[PDB]
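This report concerns only the one structure given below.
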Ligand SMILES: [K+]
Ligand SMILES: [K+]
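Protein chains in written order, with the deposited numbering: chain B, 33 to 720; chain D, 33 to 720.
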């Protein structure tokens, strides 16, 4: 869809069209060609100012000024053939065309014939062809050399160093003059169009200024006639109009009626462009607008006389110096603002002594969430005895940490220069701010919030431990005030003591994404502290999964005996459950449990056919016994209990096995009737 | 808090302070104080225009124009004594003070002396005082009668029919002139401050225009002198300046330097205010800068040509006629916009034949959600075979319902004039749109979306049934074309049984508020559904117990048997909920099953110790026998299940109750078991 936007994308394709072939076609940014563009601009300015002066004030040029306009035509005849070898920075397909058939074309159907007619000698042709008046009107073709001046004001309007509404004013002020030069030349020419005997019916032949009479006006010096005509044209253009010089003919009345009608529109356009420049306000009135919007809300909220002088100081600081333009920056998205922040703040954050060699992603997460702030001298930022809500890094300036003993004894603890941080020994700790950080010189602090430097400090636990090691590998803070806190927060175990607990709570709640974000960054253990549990002992069974993917990941060790003697098969089968005990047994789960016979006798005694069939179905041999070496059939034949020893004996258990009293389950079952389990034991007994 | 809000508040308390006492004080907005505020306005205009003409052009008035300035002074002394009997609106409050001591004061410390010493006859005590030309400078105090005109231009920006910026240029055009009348008068006066022998060194005494020499200028008539001076002052004010009349003295040079310096900033202020009038632009360029924003997005999206006319026909219906300023409506809050909608739209919706006999709160609930729309003729709105998504109410204009059957031709089945809403029978009779409703005259449709006219229809179900039974059934409601469909609108399945389903549905998961609202809007008479269930059936135990209070519910009859034979306590015993089976004994709490003995006889065979304890602890009569005259204890002894026959025999059951065989449970236990249950039922056999 880049064919739709060829301007927003594909801006500078440079590679495959610089030196295709022909080795001659100059790119229109060459330093040897832009030294010719100014030369032809000076020649075009001269040749457009002299052309109405050649038309109006002469009838054929004299014998002097002949080599001058000969070389003036030569310096443009060079530029005529030089534009066949200049490229074609294009409009729609944004690439400089080098093809010298699209250079000969796009020029021959453009400003060539108006620029080739204007290099014929029109005052040798005039003096050769019988001195005809209408062949001297072809000098006016040479006013097409104001293209080189209007192209200069188009290469200046797209120059961002100068405001475009100021280049429009300069363009209108170059249109205002040279329309008074040309009007002066035409106003003198309309006096030369009458014969010298009718010179008393002209604007200049009938002129008398002071004691000087302008009679026989073709014999006055050229710079008196030109200054007289230009004085008329400029006091007419400015609409002063003294009337010492005025139109007398009808051909001068018509020209003045055209010329003041042009200058009225031109002066109204100049006033409009100047007003449009001024309504785009300056720095001082954009300061004073929000300053009077902030004096109110400081007069009706009744803020104190010191907080008012701090607010006015910061408003006068964001204007008049230090143009912090984040309010313009907020249109830029978060990725490009993060790239700007990694360009601007990484030279300052990487030299902070708190971050002695952390990971680059952690410093990236720091510099993503930074803010620039400026404070005047005398400000208090964090005072002693309050909670720390922001972490500050001094980019440049000079700060001062102080402390008081009893009576306001403000002694200089340290002087926080550039590449220093304060508020760092209380976000790590949970204590008050220990120092009144006061400002000495105009500073440029970088502010990080407390909650950001808890989230990115608990996520990046290796770098957090590195930060705590940077804090303790010091003089143990006796450089400041010897406020030693234990050894900070000491090594607090986030390797195994809390991270195994964190991944186990992630398995218990059933969060698969938190589980795999923890274990895919390494650190998958098989043990919890404070117990013998595992991320298989929790999730898999007791929780019974939440999330079916909790068993496939990494193949963790099954049959791990915990602190209470429970394998994860036993935890999966106690809560009953029927997916993990169907799924764990193919992974090699086992029912290892000490005194399993006594446990089976207690589950006979309570009475739970579902629990005991899940024990036997998931793998259990009911010939293991207790302290009196009694099989579960020996207790399932004690209190009657049919249908409980049936599911035992279909799972496989012999009848002939004695006890402390020397009784088998045969005659132990001979306390109840014939159907009551004695037929069952005898026909599973004599079946082999 | 409200004392800050003084003039932005209630502000209408003049009623108590109107005529306390003092019996003379005229209210400012009287009618006889508006035949004075224009009479002496056109007296103040005359006296303010004549005062520089009396000063400049005369050296004392003639014997005529004597009664004129006599009555001109006595009219202003009539005003100077009539301003003592006029109340005034206070500045900081908004109450008209009527106290005739704060009328004499606030006036005497204000413009009273400048309106009293400009009321002495300054021509009578000039000519009768040994005439000195410095008691004629006290005529200029009568230019404090321009207070009336600037008060008229202060009581004109309070009006709302004209713009406040057009009044600020009309005030400037009254300041532009009369600063040329005063300048003409005190430009002629500076010519009369020279002696008549030095009259050739003035602007008028040395003047010669045409062939008329202005010599001995004190004997020319008054209007030639005034027109000459005013012509100079007006061609100077406009900065034209012909120079036929110019300053000659030094006092006239000084006055012209003051005057053109004043008129320069006055003309710049006029140009600025006229520009500010045009920056707040007109509607014919508020349309053109909106429509060229709609030329793109109709070219960059490549729309059709009938849609590009349908779009642009609605933006010259927004602007250029029918000024719908609803974008200026949405900053008004939703309560006040609801009151606006109740004021405007309610006579339109009250006359729609859809709503004949609806409740007032229903009509108030649909007029909040309306929208105004305008359509040009020829447009279709809802075509045939399309899903309806809006409901339309016609205000004015004329629509046309059209339907096409086979050949593409349409027939005018109904002309929809005002109060002839359409789009109604495709939401109640929930089918596709059956017509192609086309605009034949510029209309004012009121749009309600389909989703709101489902929610307000289902909430107000009585008004919904009222809508779908009164809908032109007296005039065969398919009265556009035939529309052969059996039972279109007459109770197609929404009845007074479905709210019982809604109570049962909300009760099944438990809500405490939807069933409470449905029994407040309706009732709880234990209405049922197909299976004979109840809210006591579902809310208690089918869906498991949500609140304990679901079983009381202001008094519900317990033991309501459904079609299956289940009671709401049998649902408890099958479900569990020992707190619910503790609560249900408060009511009658019977367990009437016909095969209750067979149900106990099969629950001793399935095998249940907890379910049987919930059966017997709630009251079950645990010796009732099945078809074979077998008790529950009969089967519990024949199968020989210990711990279940115990639970039967402590709950009260006869142990010698025989069966169809005549076989007691005594010898049934002896044939089944050698345990023989002798400390279980033989000891309760010999208990009697
Ligand atoms: K002007
Ligand atoms: K002028």
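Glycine included, each C-beta is placed from N, C-alpha and C at the ideal position.
Exercise. Quick one: complete alpha helix (DSSP H) runs, 4+ long, within the region 257-314 of chain D?
Worked result: 283-311
Problem set entry | Proximity to residue 625 of chain B [Cα-Cα], best of B:287, B:599 and B:384 | Answer by Cα proximity: B:599.
Problem set entry | Contact set between residue 672 of chain D and chain B, taken where Cβ atoms lie within less than 9 Å | Ordered by position in chain B, the residues that pass the 9 Å Cβ test against residue 672 of chain D are 672, 674, 704, 705, 707 and 708.
Exercise. Between the region 376-385 of chain B and the region 411-429 of chain B, do at least 3 Cβ pairs fall closer than 8 Å?
Worked result: yes
Exercise. So is residue 235 of chain D buried or exposed if we call it buried at 16+ other beta carbons inside 10 Å?
Worked result: A residue is called buried when at least 16 other Cβ atoms come within 10 angstroms of its Cβ; residue 235 of chain D meets this threshold and is buried.
For this session: Return the bridge partner residues of residue 433 of chain D from the DSSP annotation.
Result: D:446
For this session: Measuring alpha carbon to alpha carbon, tell me which of B:102, B:104, B:159 and B:61 ends up nearest residue 118 of chain B.
Result: B:61
Exercise. In this structure, does DSSP put residue 240 of chain D in helix, strand or coil?
Worked result: strand
For this session: Would you list, in chain order, the members of the region 609-643 of chain B that have their beta-carbon closer than 9 Å to a beta-carbon of chain D?
Result: 639 and 641
Exercise. Residues bridged to residue 245 of chain D by DSSP?
Worked result: D:240
Problem set entry | is_contact[residue 275 of chain D, chain B] using C-beta, thresh 8 Å | yes
Exercise. Beta carbon of residue 416 of chain B, beta carbon of residue 450 of chain B: below 8 Å?
Worked result: No, Cβ-Cβ distance for residue 416 of chain B and residue 450 of chain B is not below 8 Å.
Exercise. What span of residues does the beta strand (DSSP E) with residue 612 of chain B cover, start to end?
Worked result: Here residue 612 of chain B belongs to no beta strand (DSSP E); instead the alpha helix (DSSP H) covers 612-615.
For this session: Note the first and the last residue of the continuous alpha helix (DSSP H) segment covering residue 69 of chain B.
Result: DSSP places residue 69 of chain B in the uninterrupted alpha helix (DSSP H) bounded by 66-88.
For this session: Spatial neighbours of residue 198 of chain D within its chain, please: CB distance less than 8 Å, with the 5 preceding and 5 following residues excluded, ordered by chain position.
Result: 309
Exercise. Within 7 Å: the Cβ of residue 273 of chain B and any heavy atom of ligand 2?
Worked result: Answer for residue 273 of chain B: yes, Cβ within range of ligand 2.
Problem set entry | Buried/exposed call for residue 228 of chain B, threshold 16 Cβ in 10 Å | With fewer than 16 other Cβ atoms within 10 Å, it is exposed.
Problem set entry | Coil, strand or helix - residue 406 of chain B by DSSP | Residue 406 of chain B: strand per DSSP, three-state reduction.
Exercise. Taking the DSSP output, what are the residues bridged to residue 128 of chain D?
Worked result: According to DSSP, residue 128 of chain D bridges with D:121.
Exercise. How about the region 621-639 of chain D and the region 669-689 of chain D: do they share at least three Cβ pairs that are nearer than 8 Å?
Worked result: Yes: the two stretches touch, three or more of their Cβ pairs being nearer than 8 Å.
Problem set entry | Candidates D:397, D:520 and D:313, of which the one nearest residue 457 of chain D by Cα | D:520
For this session: Drop a sphere of 10 angstroms on the beta-carbon of residue 137 of chain B, count the other beta-carbons inside from all chains shown, and report buried for 16 or more, exposed for fewer.
Result: So residue 137 of chain B counts as exposed.
Problem set entry | Beta-carbon proximity list for residue 131 of chain D, same chain, < 8 Å, skipping 5 on both sides | 54
Problem set entry | Rounded separation between residue 287 of chain D and residue 219 of chain D - CA only | Answer to the nearest angstrom: the Cα atoms are 8 Å apart.
For this session: Determine the direct distance from the alpha carbon of residue 265 of chain B to that of residue 257 of chain B, and round the result to whole angstroms.
Result: Here the alpha carbon of residue 257 of chain B sits roughly 12 Å from the alpha carbon of residue 265 of chain B.
Exercise. Is the CB-CB distance between residue 704 of chain D and residue 672 of chain D below 8 Å?
Worked result: yes
For this session: Flag this pair as yes or no: are the beta carbons of residue 384 of chain B and residue 482 of chain B separated by less than 8 Å?
Result: no
For this session: Could you pull out every residue in the same chain whose Cβ sits closer than 6 Å to the Cβ of residue 189 of chain B, ignoring the five residues on either side in sequence?
Result: 196 and 199
Exercise. The alpha helix (DSSP H) spanning residue 109 of chain D covers which residue range?
Worked result: 99-114
Exercise. Going by Cα to Cα distance, which pick from D:375, D:216 and D:387 is closest to residue 263 of chain D?
Worked result: Measuring from the Cα of residue 263 of chain D, the nearest candidate turns out to be D:216.
Problem set entry | First through last residue of the alpha helix (DSSP H) which encompasses residue 485 of chain B | 484-491
Exercise. Would residue 349 of chain D pass as a contact of residue 406 of chain D if the rule is Cβ separation under 8 Å?
Worked result: yes
For this session: Report the three-state DSSP secondary structure of residue 478 of chain B (helix, strand or coil).
Result: strand
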